[PDB]
């Protein structure tokens, strides 16, 4: 069982300097918004999967853009009732390759997404911009 550890310490009002393996970032009221960070966590996790999968399937990736939008419940806790994720692959990428990468990631490989899926409505979409 791989162990992941982070440590937070108050830096400013309701804000925390957060120590991770690569460095420290400020998260909180006056720093990176916590719920936006959750989306970044989801996007990067899945993004890592899509990148490796597209590469394994011989696609030529010039760039990968991932857009995430979350709609929060109005009452506490204000979790995301819905999360929209749109994947845009740029380069010589076949739509079928991107679809496989997205589905394997969202349904099997991305750990962050697997942890929140049961608590929200996930809407996934994707598109390719063929470029040389």
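Numbering follows the first chain given and starts at 1.
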query: Of 92-100 and 30-38, the stretch whose C-alpha atoms average the higher B-factor in the entry; finding: 92-100
query: Between 79-87 and 51-59 (mean CA B-factor, as deposited), the higher; finding: 51-59
query: For residue 3, the third of its chain into which the C-alpha B factor falls; finding: middle
query: CA B-factor placement of residue 73, once the chain's modelled residues are sorted into thirds; finding: highest
query: Ranked against its chain, the third holding the CA B-factor of residue 15; finding: middle
query: Where the record places residue 124 (Cα B-factor, split into thirds across the chain); finding: middle
query: Among modelled residues of the same chain, the CA temperature factor third for residue 25; finding: middle
